[PDB]
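Here's the structure we're looking at; comments come further down.
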Amino acid sequence: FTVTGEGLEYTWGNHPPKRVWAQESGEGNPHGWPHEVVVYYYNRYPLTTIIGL
Amino acid sequence: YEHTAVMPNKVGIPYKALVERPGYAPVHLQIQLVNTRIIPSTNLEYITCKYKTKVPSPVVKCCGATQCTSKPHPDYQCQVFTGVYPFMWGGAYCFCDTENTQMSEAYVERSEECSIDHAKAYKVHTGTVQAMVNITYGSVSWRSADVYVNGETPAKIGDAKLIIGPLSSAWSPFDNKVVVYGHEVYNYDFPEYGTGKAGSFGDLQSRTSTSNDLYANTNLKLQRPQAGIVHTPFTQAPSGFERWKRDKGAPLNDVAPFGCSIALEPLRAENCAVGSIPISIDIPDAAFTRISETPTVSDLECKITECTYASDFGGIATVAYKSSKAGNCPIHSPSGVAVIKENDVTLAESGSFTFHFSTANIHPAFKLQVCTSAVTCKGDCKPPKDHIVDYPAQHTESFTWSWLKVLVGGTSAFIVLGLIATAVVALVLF
Amino acid sequence: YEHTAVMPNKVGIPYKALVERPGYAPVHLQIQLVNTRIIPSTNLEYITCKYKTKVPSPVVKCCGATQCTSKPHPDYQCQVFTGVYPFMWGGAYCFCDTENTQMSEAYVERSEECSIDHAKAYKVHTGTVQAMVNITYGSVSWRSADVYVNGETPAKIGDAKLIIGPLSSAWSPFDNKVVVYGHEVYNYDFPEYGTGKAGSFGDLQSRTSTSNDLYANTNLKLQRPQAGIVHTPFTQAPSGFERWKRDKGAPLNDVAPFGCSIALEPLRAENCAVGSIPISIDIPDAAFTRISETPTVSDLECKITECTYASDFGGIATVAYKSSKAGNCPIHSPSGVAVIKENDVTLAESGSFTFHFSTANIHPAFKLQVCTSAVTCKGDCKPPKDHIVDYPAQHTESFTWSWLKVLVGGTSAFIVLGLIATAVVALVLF
Ligand SMILES: *[C@@H]1O[C@H](CO)[C@@H](O[C@@H]2O[C@H](CO)[C@@H](O[C@@H]3O[C@H](CO)[C@@H](O)[C@H](O)[C@H]3NC(C)=O)[C@H](O)[C@H]2NC(C)=O)[C@H](O)[C@H]1NC(C)=O
Ligand SMILES: *[C@@H]1O[C@H](CO)[C@@H](O[C@@H]2O[C@H](CO)[C@@H](O[C@@H]3O[C@H](CO)[C@@H](O)[C@H](O)[C@H]3NC(C)=O)[C@H](O)[C@H]2NC(C)=O)[C@H](O)[C@H]1NC(C)=O
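Chains as they are written, first to last, in the entry's author numbering: chain E, 316 to 368; chain D, 1 to 400, 408 to 437; chain A, 1 to 400, 408 to 437.
This is the structure in structure tokens:
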């Protein structure tokens with residue numbers, strides 16, 4: 316399930332509906348390298364960075 | 001001090017704004033829109049349910065015809081039949097052999113389940129949304145009141161008077177036409193009362209359960225009984241309520257947008273998190289503390305110590321509190337970057353007390369207003385690891408420069424270098 | 001033969017269309033939309049009515065204070081008062097002179113008239129319009145059935161199946177917000193439940209009559225009783241239900257557009273004559289007469305004899321009927337120019353029978369279809385004298408040449424003369 320930023324809910328049968336925060340987990344943008352750590356910013360925005368880059 | 005505030009529609013999280021009344025001590029809010037139940041304007045158009053071909057017992061005239069009449073029962077199908085020899089417990093009983101007449105009649109009737117297990121159509125308008133807004137206010141610490149959205153309604157439950165909305169996000173997740181079933185609500189273009197094609201949904205269409213009149217397009221067609229035996233061939237589509245329970249569509253509490261839940265209850269659509277609500281409160285002035293009684297906290301310092309770039313209140317920051325008196329001090333980040341778990345912090349004479357928070361920008365440069373003393377809690381944050389549980393407290397995502412500032416200033420520098428190459432040609436030119 | 005027909009929405013006049021089924025004899029309609037009652041979707045938002053300051057009897061403590069509390073009655077105004085000496089049947093009775101305390105309390109309550117004489121707000125949506133359509137059909141000669149407008153609803157009352165609308169003229173004469181009073185309906189922007197300013201409409205705002213809770217902004221302000229006597233000064237605005245009965249606005253059944261009447265009944269707006277309705281009927285084929293049984297009428301002649309250029313059926317025209325058999329012959333003008341009183345004309349063997357009609361064009365060149373035989377009943381009409389009685393049967397006004412044909416052809420002739428003067432210069436030129 317591609318969960319988004321704001322949330323998803325989940326219904327395992329008549330078991331009650333669950334809910335989930337999926338914010339990031341691709342580690343934002345710390346920085347000590349030139350650019351291969353910017354993937355963190357790409358892994359959080361793989362729609363705007365492809366065009367933004 | 002009537003604290004107007006635009007406010008995001010999102011259910012399960014407080015919104016701890018800050019009352020900046022000029023003259024007396026500020027007071028924090030804690031506005032948690034615990035519910036967003038909607039209750040649009042609607043109309044019961046017709047119940048439907050599966051039919052029951054509750055056949056009235058046919059006539060059998062033994063020698064000659066029995067003309068049928070079109071009785072006013074719903075879908076009163078009746079067709080005379082001849083050419084029988086009805087075996088009934090003694091072999092046949094009518095002594096003729098072709099003049100033996102059989103008049104079959106069958107009408108449609110609501111099932112007994114129609115009262116209880118029944119779909120239910122509606123023409124759905126917009127109506128007016130509600131909420132059991134808790135505010136554990138200030139030092140009041142409690143009110144859990146049911147309110148409205150229309151932007152002149154107060155609800156003086158507790159001590160505060162509060163005016164909400166109207167919200168800008170008018171997406172009624174209900175469509176215009178809706179079918180409803182027990183608890184599963186279907187935003188279905190039900191055909192109409194009075195029309196529903198047999199087999200299709202609404203083959204039976206009763207206004208309500210009590211309504212003796214209805215519309216039964218079931219394509220009920222009687223056929224003649226076979227080989228001189230008493231019975232009633234009723235050839236009929238099983239209901240469009242039979243299907244619609246196993247070839248249906250999915251429920252709006254499983255297919256809606258923008259985050260809603262549903263009930264067969266006042267027909268609300270709970271907790272629809274979308275858009276903002278312009279909320280404004282008139283606090284009781286008695287609840288205010290005058291400014292000359294809270295400690296003045298300035299000449300302080302703030303710094304993160306372990307900022308968590310996350311949803312749960314993982315961000316923390318010590319604050320070198322520099323007080324005048326000792327006591328409580330309400331806190332808030334007027335910038336929406338940082339959302340804080342603590343509304344209020346206790347203070348001795350110029351101590352230090354960490355609070356918790358959550359942010360969305362790697363470099364959280366958010367002001368913190370510690371009871372009329374601003375401070376930037378600048379720093380840097382760390383991403384977490386463990387993201388599969390319910391919804392956040394952060395809800396502040398925005399645009400969040409390490410290769411943009413001198414990059415684009417460098418990008419510009421190429422084209423800035425242009426018109427200082429050009430027009431210096433004008434000088435070399437003269 | 002499912003006779004689709006666009007059809008003007010107008011109540012009190014038949015619409016005698018003609019069924020042109022290829023193969024069997026045609027049949028006339030007579031579709032009279034006897035009613036256009038509407039019944040939009042609505043919501044009871046709050047009853048209002050005039051208050052009654054049903055004062056609870058004040059406390060009088062004789063020596064010392066009696067603190068009041070804010071009881072939960074609607075608009076529970078209560079204010080302690082001291083400095084009394086209450087004359088009650090024996091002169092005063094409390095022996096102190098300033099410690100004599102008087103606690104006045106007054107709350108707002110629904111009048112007894114609130115149950116019965118009460119304004120009534122609504123949030124009004126569009127809903128679904130209705131009609132008791134009579135058709136004295138063909139030779140059926142009768143059905144007076146209640147129908148709908150939504151363009152898939154039949155109503156098999158009588159023998160014919162008929163589908164109406166949806167109409168194009170969606171003007172709900174009701175506004176969104178409406179107040180209602182007994183029978184006079186006001187399309188008023190009522191403020192809301194829970195808000196109404198005192199004196200203004202809706203100072204009292206009860207959800208319904210039973211609802212013990214309400215909103216009473218009456219600005220009820222108690223004042224101290226005078227000169228040591230028992231009573232209760234209640235200073236209050238007389239209701240915004242008191243006004244709104246003599247400084248009100250006029251009723252929608254007296255100010256609406258496009259021709260409506262109103263009832264405090266299902267909240268219909270009857271007889272709203274506006275626009276057209278795409279109506280379509282499935283006749284019973286049994287009601288048809290086959291073509292080979294009605295007389296063929298051709299080789300006839302038609303002419304007006306005294307055409308009245310008017311509304312009432314003043315237009316007349318003999319017709320030199322030239323029949324084959326003898327019997328009935330349904331008639332209609334497929335052109336909407338002429339509206340005819342007679343649906344059907346009896347015929348002997350090629351006689352003559354005048355009918356009645358009404359037109360709007362000085363030279364009525366309308367076809368007349370006498371049971372599959374067309375004819376132009378060309379002629380000229382006369383204006384009447386006597387125009388003050390209810391509404392017409394003509395309802396066919398359009399564009400209606409004595410100085411236009413050769414005038415504008417003559418106007419053109421000047422500019423037509425141009426390019427035959429010009430380009431003949433080209434010839435003289437070569
Ligand atoms: C008001 O806003 C509050 C935001 O957190 C919420 O109110 C919560 O109500 C709970 C039940 O009344 C409280 O739980 C109880 O807390 C006490 C004190 O800590 C415990 O002894 C109890 O065991 C515990 N009850 C249970 C069943 O565990 C919460 O403490 C209280 N919240 C706070 C911060 O105090 C609600 O969101 C809202 N109230 C509503 C909607 O009624
Ligand atoms: C059906 O369309 C008709 C269009 O004119 C209307 O139906 C009218 O109903 C009246 C009452 O049923 C009839 O009046 C009666 O007529 C008989 C025969 O002429 C007289 O003996 C009666 O005295 C007379 N009743 C009264 C009180 O005077 C009309 O004759 C009849 N119309 C026609 C053409 O026959 C209605 O518009 C509609 N019916 C509805 C809506 O119910």
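From the three backbone atoms N, C-alpha and C, an ideal C-beta is built for every residue, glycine too.
Near residue i, what residues of its chain come up, given a Cβ to Cβ distance below 7 Å and the 5 sequence neighbours on each side ignored?
i	result
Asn43 (chain D)	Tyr122, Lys123
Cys381 (chain A)	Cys307, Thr308, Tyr309, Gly315, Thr359, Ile362, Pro364
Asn187 (chain A)	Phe174, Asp175, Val178, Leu252
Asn150 (chain D)	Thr128, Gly165, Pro166
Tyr1 (chain A)	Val19, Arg21, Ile283
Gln205 (chain A)	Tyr46, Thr48, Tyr193, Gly194, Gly196, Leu214, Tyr215
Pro58 (chain A)	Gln102, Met103, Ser104, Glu105, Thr232
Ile229 (chain D)	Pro86, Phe87
Got a sec: does ligand 2 put a non-hydrogen atom nearer than 6 Å to the Cβ of residue i?
i	result
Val34 (chain A)	yes
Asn150 (chain D)	no
Assuming residue i contacts residue j under a Cβ cut-off of 8 Å, what Cβ separation, rounded to an integer in Å, is found between them?
i	j	result
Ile13 (chain D)	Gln30 (chain D)	In fact, because the Cβ distance is near 10 Å, the residues do not count as touching under 8 Å.
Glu270 (chain A)	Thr36 (chain A)	6 Å
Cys302 (chain D)	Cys371 (chain D)	Not quite, the Cβ-Cβ distance comes to about 14 Å (not below 8 Å), so this is no contact.
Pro266 (chain D)	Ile47 (chain D)	With a Cβ gap of about 18 Å, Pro266 (chain D) and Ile47 (chain D) do not count as contacting.
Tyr85 (chain A)	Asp97 (chain A)	6 Å
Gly343 (chain E)	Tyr355 (chain E)	5 Å
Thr354 (chain D)	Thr305 (chain D)	7 Å
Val337 (chain D)	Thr396 (chain D)	6 Å
Taking 6 Å as the cut-off, is the CB of residue i close to at least one heavy atom of ligand 1?
i	result
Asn134 (chain D)	yes
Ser144 (chain D)	yes
Looking only at its chain, what residues have a beta carbon closer than 6 Å to the beta carbon of residue i, apart from the 5 residues adjacent to it on each side?
i	result
residue 405 (chain A)	Note on chain A: consecutive modelled numbers read 400 then 408, so residue 405 (chain A) has no coordinates in the structure shown.
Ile291 (chain D)	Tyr24, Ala25
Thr319 (chain E)	none
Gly351 (chain A)	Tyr321
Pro56 (chain A)	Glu105
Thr346 (chain D)	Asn328
So, at 8 Å on beta carbons, what are the nonlocal neighbours of residue i in its own chain, with the 5 sequence-adjacent residues on each side left out?
i	result
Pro191 (chain A)	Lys197, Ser200, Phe201, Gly202
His356 (chain A)	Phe313, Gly314, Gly315, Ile316, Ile340, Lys341, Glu342
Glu113 (chain D)	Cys49, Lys50
In chain D, which residues lie less than 8 Å from residue i when you measure between Cβ atoms?
i	result
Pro191 (chain A)	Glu152
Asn219 (chain A)	Within chain D, no residue comes near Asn219 (chain A); the closest Cβ sits about 15 Å away, beyond 8 Å.
Applying a beta-carbon distance threshold of less than 7 Å, which residues of chain D neighbour residue i?
i	result
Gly336 (chain A)	Going along chain D, no residue has its Cβ under 7 Å from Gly336 (chain A), so there is no contact; the nearest lies around 30 Å.
List, in order along the chain, the chain A residues whose C-beta lies closer than 9 Å to that of residue i?
i	result
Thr195 (chain D)	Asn150, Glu152, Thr153, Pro154, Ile163
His3 (chain D)	Near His3 (chain D) there are no residues of chain A at all, since even the closest Cβ is about 19 Å away, more than 9 Å.
Which chain D residues are close to residue i, counting only those with a beta carbon under 9 Å from its beta carbon?
i	result
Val335 (chain E)	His387, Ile388, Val389, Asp390, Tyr391
Taking C-beta pairs closer than 7 Å, name the residues in chain A that residue i reaches, listed in chain order.
i	result
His183 (chain D)	Within 7 Å Cβ-Cβ: nothing; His183 (chain D) doesn't reach chain A, min ~23 Å.
Cβ closer than 7 Å: which chain E residues qualify as neighbours of residue i?
i	result
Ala310 (chain D)	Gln338
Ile316 (chain D)	Going along chain E, no residue has its Cβ under 7 Å from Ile316 (chain D), so there is no contact; the nearest lies around 17 Å.
Taking Cβ-Cβ distances shorter than 8 Å, what residues in chain E pair up with residue i?
i	result
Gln130 (chain D)	Those within 8 Å of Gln130 (chain D) in chain E number zero; the least Cβ separation is about 21 Å.
Practice task
Answer yes if the stretch 137 to 144 of chain D comes into contact with the stretch 226 to 237 of chain D, meaning at least three C-beta pairs across the two stretches below 8 Å, and no otherwise.
Solution key: Two segments are said to touch when three or more pairs of C-beta atoms, one from each, lie closer than 8 Å; by this definition the stretch 226 to 237 of chain D does not touch the stretch 137 to 144 of chain D.
Problem - the stretch 75 to 82 of chain A in contact with the stretch 216 to 227 of chain A per 3-pair CB rule at 8 Å - result: Touching, yes, given that three or more Cβ pairs across the two stretches are closer than 8 Å.
Exercise for the section: Examine the Cβ distances between the stretch 341 to 350 of chain E and the stretch 239 to 257 of chain D and report whether three or more of them are shorter than 8 Å. Expected result: Short answer: they don't touch.
Practice task
Take every Cβ of the stretch 320 to 338 of chain D, pair it with every Cβ of the stretch 295 to 302 of chain D, and state whether three or more of those distances are shorter than 8 Å.
Solution key: Verdict: yes, contact present.
Exercise for the section: Could you say if the stretch 155 to 166 of chain A and the stretch 58 to 74 of chain A meet the contact criterion of at least three C-beta pairs nearer than 8 Å? Expected result: At 8 Å Cβ cutoff, the stretches do not touch.
Practice task
Report yes or no: do the stretch 408 to 424 of chain A and the stretch 382 to 393 of chain A share at least 3 C-beta pairs separated by less than 8 Å?
Solution key: Judged by Cβ distances under 8 Å, the stretch 408 to 424 of chain A makes no contact with the stretch 382 to 393 of chain A, as fewer than three pairs qualify.
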